[PDB]
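*Asks:* Got a structure for you, questions after.
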Amino acid sequence: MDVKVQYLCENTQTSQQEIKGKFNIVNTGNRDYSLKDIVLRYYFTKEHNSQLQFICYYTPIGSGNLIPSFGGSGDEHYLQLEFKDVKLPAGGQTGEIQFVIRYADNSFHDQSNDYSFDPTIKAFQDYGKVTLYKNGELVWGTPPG
């Protein structure tokens, strides 16, 4: 599969109450796909026992089409995004998917520990520290060690 993810960092503050940024999924090949087959991961370390919340402020694909969860043990720890059946035509792109992560109890989080955190990227760039998997196979990026 030829698909990549672009990343944009919105909240660049090291210590804060929310991780915030944007993903853009792009189809770089000649075949049509569906987002239902794509799993996306953004890696960060969970330092508090509080329940985590994912919030999508806005997306063109529509936010009802996101299937968010959390997983791993830090930092293999991550936010995972899955998707309902949303077409990604060959050569096409989702456009922005805003993501916010907070602790339910509004605790602070240190981003300097997060594998996928890169405040130098202030506009969408191909970004390899956020991963895409298709049916369990890693097709884009590199996971943490």
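Chain labels A, B, ... are given in the sequence in which chains occur in the structure tokens; within each chain residues are numbered consecutively from 1, and ligands are likewise numbered from 1 in the order shown.
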Name all residues at most 10 Å from residue 137 of chain A (count only C-alpha atoms; drop same-chain ones fewer than 2 positions away) and give them as number ranges by chain.
*Replies:* A: 1, 38-39, 132-135, 139-140
*Asks:* If you keep C-alpha atoms, can you produce a file of those selected residues as a PDB file, in the first residue's frame?
*Replies:*
```
ATOM      1  CA  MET A   1       0.000   0.000   0.000  1.00  0.00           C
ATOM      2  CA  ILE A  38      -5.959   1.768   7.906  1.00  0.00           C
ATOM      3  CA  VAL A  39      -4.875   1.964  11.529  1.00  0.00           C
ATOM      4  CA  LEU A 132       0.083   3.535   9.514  1.00  0.00           C
ATOM      5  CA  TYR A 133      -0.734  -0.180   9.519  1.00  0.00           C
ATOM      6  CA  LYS A 134      -2.871  -2.012   6.962  1.00  0.00           C
ATOM      7  CA  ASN A 135      -4.325  -5.235   8.338  1.00  0.00           C
ATOM      8  CA  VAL A 139       2.983   0.402   5.806  1.00  0.00           C
ATOM      9  CA  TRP A 140       4.152   3.815   6.960  1.00  0.00           C
TER      10      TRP A 140
END
```
*Asks:* Report the closest atom pair, with its distance in Å rounded to one decimal, for each residue of segment 18-98 of chain A that has an atom no farther than 9 Å from segment 117-124 of chain A; count only C-alpha atoms, sort by chain and then rising residue number, and write it as a Markdown table.
*Replies:*
```
| residue | atom | partner | partner_atom | distance |
| --- | --- | --- | --- | --- |
| A:19 | CA | A:117 | CA | 8.7 |
| A:22 | CA | A:124 | CA | 8.0 |
| A:23 | CA | A:124 | CA | 7.9 |
| A:24 | CA | A:124 | CA | 7.6 |
| A:42 | CA | A:117 | CA | 8.6 |
| A:43 | CA | A:117 | CA | 7.9 |
| A:44 | CA | A:117 | CA | 7.5 |
```
*Asks:* Each residue of segment 93-116 of chain A lying at most 10 Å from segment 63-70 of chain A should get a row with its shortest atom-to-atom pair and the distance in Å to one decimal, counting only C-alpha atoms; could you produce that, ordered by chain and increasing number, as a tab-separated table?
*Replies:*
```
residue	atom	partner	partner_atom	distance
A:97	CA	A:63	CA	8.4
A:98	CA	A:63	CA	9.4
A:99	CA	A:68	CA	10.0
```
*Asks:* Filtering to N, CA, C and O atoms, could you give me those residues as a PDB file, in the first residue's frame?
*Replies:*
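As written to disk, selection-v6.pdb reads:
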```pdb
ATOM      1  N   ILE A  97      -7.237  16.034  10.046  1.00  0.00           N
ATOM      2  CA  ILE A  97      -7.924  15.381  11.133  1.00  0.00           C
ATOM      3  C   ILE A  97      -7.280  15.981  12.372  1.00  0.00           C
ATOM      4  O   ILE A  97      -6.143  15.654  12.706  1.00  0.00           O
ATOM      5  N   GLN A  98      -8.012  16.848  13.058  1.00  0.00           N
ATOM      6  CA  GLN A  98      -7.509  17.462  14.279  1.00  0.00           C
ATOM      7  C   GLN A  98      -7.592  16.436  15.385  1.00  0.00           C
ATOM      8  O   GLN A  98      -8.550  15.682  15.466  1.00  0.00           O
ATOM      9  N   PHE A  99      -6.574  16.375  16.219  1.00  0.00           N
ATOM     10  CA  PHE A  99      -6.639  15.524  17.392  1.00  0.00           C
ATOM     11  C   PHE A  99      -6.232  16.274  18.649  1.00  0.00           C
ATOM     12  O   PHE A  99      -5.264  17.050  18.650  1.00  0.00           O
TER      13      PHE A  99
END
```
*Asks:* Using only C-alpha atoms, which of the listed residues (A:93, A:49, A:11, A:17) sits closest to residue 106 of chain A?
*Replies:* A:17
*Asks:* Going by DSSP on the backbone, which residues of chain A come out as helix (DSSP H, G or I)? List them as a ChimeraX atom specification.
*Replies:* /A:35-37,63-65,111-113
*Asks:* Can you tell me, as a list in words, what residues are no more than 9 Å from residue 36 of chain A when counting only C-alpha atoms, ignoring any on the same chain fewer than 4 positions away?
*Replies:*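 Here the qualifying residues turn out to be residues 82, 83, 84, 85, 86 and 87 of chain A.
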*Asks:* Mind pulling up the distance from atom CA of residue 92 of chain A to atom CA of residue 141 of chain A?
*Replies:*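 Rounded to one decimal, the two atoms are 18.9 Å apart.
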